Structures are given as C-alpha cells and as structure tokens.
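Chemist: Quick one: structure below, then a few questions.
There are 2 protein chains.
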Amino acid sequence: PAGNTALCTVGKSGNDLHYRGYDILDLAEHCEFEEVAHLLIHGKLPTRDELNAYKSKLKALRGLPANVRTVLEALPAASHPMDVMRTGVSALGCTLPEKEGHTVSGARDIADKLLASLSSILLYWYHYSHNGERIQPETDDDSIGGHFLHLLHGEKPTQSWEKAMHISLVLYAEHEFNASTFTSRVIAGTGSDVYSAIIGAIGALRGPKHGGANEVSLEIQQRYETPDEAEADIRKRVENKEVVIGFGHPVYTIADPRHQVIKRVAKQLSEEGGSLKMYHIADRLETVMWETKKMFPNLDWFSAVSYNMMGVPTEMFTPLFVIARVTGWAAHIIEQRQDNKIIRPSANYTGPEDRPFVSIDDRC
Amino acid sequence: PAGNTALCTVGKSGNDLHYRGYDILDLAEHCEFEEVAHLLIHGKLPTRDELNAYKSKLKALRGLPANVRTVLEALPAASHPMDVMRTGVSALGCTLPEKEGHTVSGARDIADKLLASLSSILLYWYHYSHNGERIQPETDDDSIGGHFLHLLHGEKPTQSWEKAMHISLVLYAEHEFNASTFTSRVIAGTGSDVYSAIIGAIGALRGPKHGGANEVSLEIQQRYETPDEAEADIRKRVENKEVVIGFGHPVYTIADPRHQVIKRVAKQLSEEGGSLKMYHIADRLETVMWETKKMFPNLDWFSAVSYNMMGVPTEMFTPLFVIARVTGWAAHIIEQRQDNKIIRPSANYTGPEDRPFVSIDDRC
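Below is the structure:
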C-alpha cells in the first residue's frame, strides 16, 4: 500500500468498482459523465441546480488562448496525439497558471478548464495539421463526449453516440492507484502545480502497457475476417505463449466490472449501425480466451468495438482515456495535497563496489 | 524494494555518495560535468578521445528547431521557468520523437540532445520574452555550464565561473531514488517515451519541497545583513520549532558529502567577486544549526551562495538542477526499460462504505 485514499475501491469481491462509495454499475446506468466529474473533482453527486451551473461553466471553458493556438499550430501532423495533449496542457500551465497559494478551489478551476478544453486541444491541432483548418472550439454541444464527437467529425453526433460516450468516459474516470494516478500523486506530493502533476500522468498513460491497451485490442479484432478464423489464430498464438492484450487485470480475480457495461454499449452501437461483425469477433475470442487461459476480458476489450463504431481513430483512444481520467487525477492530486504524507521511495543496489578514480589518460 | 539500480549508492556509511562506484569527492575534484554526463548516460568515464567527440557532438546539438522556437515565443514572460522547460521539452518530443523501438542508443541520443539544448530552451525564451531578442543558441562555448552562463549574461563567463558550473552540475547529476527520479522510472515502466519520462521528472522537481530548496535557502540567507543578526533570528525560529530549509537529509545520517564541495566553491566565488556577507551568514548559520539541533547542512545550503555569485536569478536555480539531473534521469530511464517490473502500487481505503445511488432529481 503506497498511500491512503477515500476515492476508490476495486476488487475486494474480485469484481467490484466504487467511486466515493457509489457503484460503477449505478453510475454508468444513470449519470452523465459530467455528474461523475463533479463527484470526483468537486466531491459529490451534484443536484439538478449544481449540474446546470456546472455544465454551463464547462461549456464556457472550451476555448483556446490565442498563444496556445500558436503553440498547437507549431506541432507537426505526425505528433503522437498524447504528446499534443501534453504540450497543450503544458502551454496552458504557462498561460493560466495556478496561484502560488494552491487553493483547493483553484485546483478545481484548473481541473474544470482542462476537462472542458482537452478535446479542443487535441482536435484543433488535429484539424489544422491534418486538414489545414482552424476549427471553432466553442460549440453549442451540451456534453463533453458530444463536444468531442462534433469536433472530430465536423458534425453533431447522434443522441445515441452521445449517451454511449457518457458511459465510456464514466467507466474510465477513476481507478484508484495505477501508474498514471500514482505519478500525479508523487508530483502533487512535492508541492508542485496541478498542470505538472497532470502532465506527468499523461506521459505515464501514453505507455502501451498502461494507456495503450485498447489500441491493440482493436488491432487484434481487425486482423480477422470471421469469428471462426479468429478462434483458430488466437489459440494458435496462445499455444506459442503470447499474451493477448485486453485480457486479465492485476487487481481483479473474477471479472472487470466495467467490461459488462462496455460490452452492452458496443452491442447496441454495433446493432444500431447494422454491423455486428467486429462485436461477434470480440465476443468469440472472449469465449476462446477463457477456454484456453482462464482469462476474463478487461474494459479495453470491448471499448475498442464501441469507440470504433463511433468512428474514433485508433490514435485517439488514449486521448479519450485522458479526457475521462483527468477527473480521477484531479481528485487524487487534491487528496494528496490535504494529507501530504509521502512514502520515500528507495531501491536495491546491483552496481559495482566502490572503486578508485581513474584519471583521464589512465583509462585509455 | 521499489526497484533495482546499478547507478548510485547513497549513505551506506552515512556521509557517502557514489556514481557507478565512483566517489563523488573524486568526480567533483577531477571531472568536467560532460565527463559525469558520459558516465551516467553512456556508462563509462570517457577516454580523452571519447570526450573530444562527445563535446563536439553536444556543441552541435544546441540548436532549436524552427517550430520549437515558435512554441517558446508564445510563452509569456511570467511563466515559471520550469514550466518553460517542460513545454519546450514537450514540443521537442513532438518534433524529434523517439522511434517506436525505444532502443538504448536512441534513448541516449535524446538524453544528449536534451542535455545540450535545455539551456537553449530556457534562455531563448527568457531573452525573447524579457528582452525582445532572438538570441543565437549555437555558441562556441566549450561546456554546458559555460554555455548556460553565456546565454544568461550575454557574454562568455570567466574560466572560474565555468569551472564552478562544472562542479555544481557534477554534484546535482544523480542521487538514486527520489520523487523526480522515481517519477521518471514509473513513466518509463509503462513503455512510454524518454521525453514523457523526463517531462514528468521536471514536474516533480518543480515542487518547492523537492527541486527548489536552494531558492528558499537564498531567501533565508538574504533576510540578514550580519552573521550576529542571522544567528539571533534563526535560533529564535528554531526554539519556536520552525524548519530551516537546507539542513538535514532523509538518507544521510552524518553529512552530505556534496556540502563540503560546494562550500569551497562558494567561498572562492564570494572572494573573487568581493562580497562575503552571504557566505559569512550561511557559514555562521551552519554552526548555529549544529549546536542547536545537531543538523548538518545539505547541498542546497551553499549552492545558493555559489549560484548567486554567478549572477543566476533565483528562478533559474531549479532549471539548472534539471540540466544537471537530466543525466541521472536518463540513466534511470534506460535502466527501468532493461530490468522491467511494472508500476503496481496499491492504496488503503478510507472513503465511504458502499452507499445507495441517489438519482439527480432526488438529491438535496
């Protein structure tokens, strides 16, 4: 145990997930993502009136500073979209810096600014560099996911795509201690600013062993023409001691509770389109992965199908992880500041013993 | 048992520091910083021929890409200088990205580029934002330290200042696990890129509890006009249970071996310039902290004086710590990728026990 938290419980029964006491099943079923972002950042499920004010507040924070636009326009088309988000946030930190007091209130305002504008940072860079257009970040869209989709596709998404986006983001919002969250906490713990703690987190989430997962879940799912030929190739790959990504989890011993939710979303999204190809392939390999290895699918297995049905480019999967997870990060950064206990990390040495100094001419 | 390292031992005897088995006392007396950089990044103390080539390589790596310049130009004059580095390194990662393989050789290329240009990033921004000038970063100075001072002051430094920079930067080059180093290894343990690992480390080092203890050390020393007065106020604060920054260490139980070395450096700088007011106060307060609390001074006590004598603005203290410590971080990044073992932290839970969901219109 690396620290204390009041934020999140996962895997006590082998298959449960809670955000500040609330079940993720209930949260995914009923809440807009914004309700969950309010729970994490601002501490509680908002009333109706608290939600209205919060959604209006977020709606007005979607803009990009003139100088940030100049920063984004300078980043080449081939940039890792994660590095684009990292740079934009970094530039923003220089432009709207935290007040040197580091108030809880100030931390939340930054959280809320990042949350509203990360989509704008990504997609403004994307459309300028890829298409030569300076898009309008300040849409009339009423939700974060809906804003995302609008800015990506150049049109307002269906009510259907918006609701599924709410469910996606909620499932990804918080997950106790992991590499990115822990990083944010280590950075918060030195007395550093919110932006920096969020920027280290983003760098950790960029790593394919952490935030990359579903990018390759989609890569596996798209290899195969049919559910039969997927089955054959995977059990061939498992017999050759390959790790199939999208399966298993450190903490969970029985199931990832977010999976059943995202599978259901993927199913509806695939149906509504009229194409259940990719879904049936994922569903087959799920059965096959259990027969072969006794592994359950994690959230990153079917999120691949749901996102792709919504036309999300592969290289934007992790950036969406950042739009969702920034809410947990912001909660953890704030919690770390309040009980700023630190666990001094120390190592085990395996280098050479003390040895005499060799002079420069003496080492040739 | 957070991880294994072959890089550095700290306080095995209580007052000892080794970089790859070499004693810090020997390194600081005999090595150009470039030689310690080479030891941490490339693995060995270089032969004369290898140093000649390394310096020729670093001298030509001082440049700033056209797009990166444009990025730095958008950062307002009032940016934290650490946030400027953060942004600059961020944009550079988009510009000269690591190839997807993450080979050892490519990592060292990025560490070397970063080692050579961190000073260019910082000071191009400073002199554009503060003085309206586009400086030439590709100078003819023959050391990183000397390059820094040239771009800061607008003139080549004295030989003496150059050598003092060599020493300072050797002293700050590496220090086993700590917040910034551990952050670099967490980010690296996700399979993320060198820039991301370094950018998070910068974020951690920016916290006043970690990166800028010598800035507050300077504030302390500069409160007072005389040793006698300094002694009266600090011993009054100590009686009132105040913490005096620049004293103690979590690892060293006897002495910081880096202190003796920087004290000598600061003595020569203060004497060559003329003023000893600050030195005589720092040196006096050292005595007071010993008699009163049996606390020894750590490196951040006299490095204030020495950097001050070299005309370094206080806000550039921690940026200079980055120039030095990027060598350790880079070596630590390389190590985590080799002997890889996850991130994996866990928490104990203190939040609300499973509670019922209240639907939005029924909350109060």
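First to last, the sequence lines map onto chains B and A.
Heads up: take any position in the first sequence, counting from 1, add 25, and you land on the authors' numbering.
Heads up: take any position in the second sequence, counting from 1, add 25, and you land on the authors' numbering.
Even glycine gets a Cβ: it sits at the ideal position worked out from N, Cα and C.
#1: Alpha carbons only, please: which of A:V219, A:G225 and A:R283 is nearest the one belonging to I49 (chain A)?
#2: Which residues, in chain order, does the region 95-111 of chain B contribute to contact with chain A at a C-beta distance below 9 Å?
#3: Cα-Cα, which of A:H105, A:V96, A:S104 and A:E378 is closest to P101 (chain B)?
#4: Return the CA-CA distance between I287 (chain A) and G171 (chain A), expressed in angstroms with no decimal places.
#5: Assuming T215 (chain B) contacts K234 (chain A) under a Cβ cut-off of 8 Å, what Cβ separation, rounded to an integer in Å, is found between them?
#6: Quick one: any contact between the region 53-71 of chain A and the region 292-303 of chain A, if contact means 3 or more CB pairs under 8 Å?
#7: When burial is assigned at 16 or more other CB atoms within 10 Å of the CB, is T34 (chain B) buried or exposed?
#8: Would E163 (chain B) and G88 (chain B) be called neighbours here (beta carbons separated by less than 7 Å)?
#9: Of all the options A:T183, A:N40, A:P322 and A:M314, which has the alpha carbon lying nearest to the alpha carbon of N239 (chain A)?
#10: Report buried or exposed for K318 (chain A), applying the criterion of at least 16 other Cβ atoms within 10 angstroms of its Cβ.
#11: With a cut-off of 8 Å on the beta carbons, I'd call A62 (chain B) and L140 (chain B) a contact; round off their distance for me.
#12: Who are the neighbours of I212 (chain B) on chain A, taking C-beta pairs under 8 Å?
#13: Name, in chain order, the residues that DSSP records as bridge partners for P322 (chain B).
#14: 7 Å is my cut-off, CB to CB: does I279 (chain B) come that close to chain A?
#15: Which first and last residues belong to the alpha helix (DSSP H) in which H175 (chain A) is found?
#16: Helix, strand or coil for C119 (chain A) per DSSP?
#17: Is the Cβ of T164 (chain B) closer than 7 Å to any Cβ of chain A?
#18: Given that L70 (chain B) touches chain A, what residues does it touch there, using C-beta distances under 7 Å?
#19: Using a beta-carbon distance below 7 Å, is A238 (chain B) in contact with chain A?
#20: Alpha carbons only, please: which of B:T352, B:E264, B:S331 and B:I359 is nearest the one belonging to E316 (chain B)?
#21: For a test of the three-state rule: what should DSSP assign to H43 (chain A), helix, strand or coil?
#22: Out of curiosity, what's the CA-to-CA distance linking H191 (chain B) and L42 (chain B)?
#23: From what residue to what residue does the alpha helix (DSSP H) around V383 (chain B) run?
#24: Which value, in whole angstroms, describes the spacing of the CA atoms of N156 (chain B) and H357 (chain B)?
#25: Measure the CB-CB distance between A116 (chain A) and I66 (chain A) and report whether it falls below 7 Å.
#26: Would you mind sorting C119 (chain B) into buried or exposed? The rule is 16 or more other CB atoms within 10 Å of its CB.
#27: Does the beta-carbon of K266 (chain B) have 16 or more other beta-carbons within 10 angstroms, so that it is buried, or is it exposed?
#28: My assumption, with CB atoms under 8 Å, is that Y277 (chain B) sits in contact with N40 (chain B). Please give the rounded CB distance.
#29: Taking all protein chains shown into account, decide if residue 459 (chain A) is buried (16 or more other Cβ within 10 angstroms of its Cβ) or exposed.
#30: CA-CA distance, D325 (chain B) and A229 (chain B)?
#31: From the DSSP output, in three-state form, read off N333 (chain B) for me.
#32: Closest Cβ-Cβ distance between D167 (chain A) and chain B: below 7 Å?
#33: What number of angstroms, rounded off, separates the C-alpha of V211 (chain B) from the C-alpha of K366 (chain A)?
#34: Going by DSSP, what residue range makes up the alpha helix (DSSP H) through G214 (chain B)?
#35: Using the DSSP secondary-structure output, state which residues sit across from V351 (chain B) in a beta bridge.
#36: Would you identify the three-state DSSP class for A257 (chain A), choosing helix, strand or coil?
Modeler: Walking through what the data contain:
#1: The count along the second sequence starts at 1 and reaches residue 49 (chain A) at position 24. With distances taken between Cα atoms, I49 (chain A) lies closest to A:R283.
#2: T95, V96, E98, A99, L100, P101, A103, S104, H105, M107, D108, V109 and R111
#3: Reading the first sequence from its first residue, position 76 is the one you call residue 101 (chain B). For the residues A:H105, A:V96, A:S104 and A:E378, the minimum Cα distance to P101 (chain B) belongs to A:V96.
#4: The count along the second sequence starts at 1 and reaches residue 287 (chain A) at position 262. The count along the second sequence starts at 1 and reaches residue 171 (chain A) at position 146. The alpha-carbon atoms of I287 (chain A) and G171 (chain A) are separated by roughly 18 Å.
#5: Position 190 of the first sequence, counted from the first residue, corresponds to residue 215 (chain B). Position 209 of the second sequence, counted from the first residue, corresponds to residue 234 (chain A). Contact flag correct, Cβ pair sits at about 5 Å.
#6: no
#7: If you number the first sequence from 1, residue 34 (chain B) lands on position 9. Label assigned to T34 (chain B): buried.
#8: Position 138 of the first sequence, counting from 1, holds the residue named residue 163 (chain B). Position 63 of the first sequence, counting from 1, holds the residue named residue 88 (chain B). Result yes, Cβ atoms of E163 (chain B) and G88 (chain B) sit closer than 7 Å.
#9: In the second sequence, counting from the first residue as 1, residue 239 (chain A) sits at position 214. Nearest option by C-alpha distance: A:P322.
#10: Taking the first residue of the second sequence as 1, we reach residue 318 (chain A) at position 293. By the 10 Å Cβ count, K318 (chain A) comes out exposed.
#11: For the purposes of this step, residue 62 (chain B) is identified with residue 37 of the first sequence, where counting begins at 1. For the purposes of this step, residue 140 (chain B) is identified with residue 115 of the first sequence, where counting begins at 1. The Cβ separation is near 6 Å, so the contact holds.
#12: Position 187 of the first sequence holds residue 212 (chain B). Near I212 (chain B) (Cβ distances below 8 Å), the residues of chain A are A204, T208, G225, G228, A229 and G232.
#13: One-based indexing of the first sequence puts residue 322 (chain B) at position 297. In the DSSP output, where bridge partners are listed per residue, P322 (chain B) has B:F272.
#14: The sequence position of residue 279 (chain B) within the first sequence is 254, counting from 1. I279 (chain B) does not count as touching chain A.
#15: Counting from 1 along the second sequence, the entry for residue 175 (chain A) is found at position 150. Element bounds for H175 (chain A): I169 to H178.
#16: Taking the first residue of the second sequence as position 1, residue 119 (chain A) is located at position 94. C119 (chain A): helix per DSSP, three-state reduction.
#17: Taking the first residue of the first sequence as position 1, residue 164 (chain B) is located at position 139. No, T164 (chain B) does not count as interfacial toward chain A.
#18: Counted from its first residue, the first sequence places residue 70 (chain B) at position 45. Ordered by position in chain A, the residues that pass the 7 Å Cβ test against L70 (chain B) are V383 and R388.
#19: Taking the first residue of the first sequence as 1, we reach residue 238 (chain B) at position 213. So no, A238 (chain B) is outside the interface.
#20: In the first sequence, counting from the first residue as 1, residue 316 (chain B) sits at position 291. Nearest of B:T352, B:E264, B:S331 and B:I359 to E316 (chain B), Cα basis: B:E264.
#21: Working through the second sequence from its first residue, we reach residue 43 (chain A) at position 18. If DSSP states are grouped into helix, strand and coil, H43 (chain A) belongs with the strands.
#22: On the first sequence, position 166 is the one that residue 191 (chain B) refers to. On the first sequence, position 17 is the one that residue 42 (chain B) refers to. Each residue's alpha carbon lies about 17 Å from the other.
#23: Translated into positions along the first sequence, residue 383 (chain B) becomes position 358. Here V383 (chain B) belongs to no alpha helix (DSSP H), and DSSP marks it neither H nor E.
#24: Translated into the one-based positions of the first sequence, residue 156 (chain B) becomes position 131. Translated into the one-based positions of the first sequence, residue 357 (chain B) becomes position 332. Their Cα atoms are separated by approximately 37 Å.
#25: The sequence position of residue 116 (chain A) within the second sequence is 91, counting from 1. The sequence position of residue 66 (chain A) within the second sequence is 41, counting from 1. Their beta carbons are not under 7 Å apart, which means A116 (chain A) does not touch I66 (chain A) by this criterion.
#26: Counted from its first residue, the first sequence places residue 119 (chain B) at position 94. Classification for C119 (chain B): buried.
#27: Within the first sequence, numbered from 1, the residue matching residue 266 (chain B) stands at position 241. With fewer than 16 Cβ atoms within 10 Å of its Cβ, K266 (chain B) is classed as exposed.
#28: To locate residue 277 (chain B), count along the first sequence from 1; it is residue 252. To locate residue 40 (chain B), count along the first sequence from 1; it is residue 15. Confirmed, Cβ separation roughly 6 Å.
#29: Nothing in the structure corresponds to residue 459 (chain A), since chain A is present only between 26 and 389.
#30: On the first sequence, position 300 is the one that residue 325 (chain B) refers to. On the first sequence, position 204 is the one that residue 229 (chain B) refers to. Between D325 (chain B) and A229 (chain B), the C-alpha separation is close to 17 Å.
#31: For the purposes of this step, residue 333 (chain B) is taken as the residue at position 308 of the first sequence. Helix.
#32: As a first step, residue 167 (chain A) is located in the second sequence; it is residue number 142 there, counting from the start. False, the Cβ-Cβ gap to chain B never drops below 7 Å.
#33: To locate residue 211 (chain B), count along the first sequence from 1; it is residue 186. To locate residue 366 (chain A), count along the second sequence from 1; it is residue 341. Taking the straight line joining both Cα atoms gives about 18 Å.
#34: Looking up residue 214 (chain B) in the first sequence gives position 189. It spans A204 to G214 - the alpha helix (DSSP H) in which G214 (chain B) sits, taken as one unbroken run.
#35: Here residue 351 (chain B) is taken as the residue at index 326 of the first sequence, counted from 1. DSSP lists no partner for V351 (chain B).
#36: Along the second sequence, read from residue 1 onward, the residue named residue 257 (chain A) stands at position 232. It is helical.
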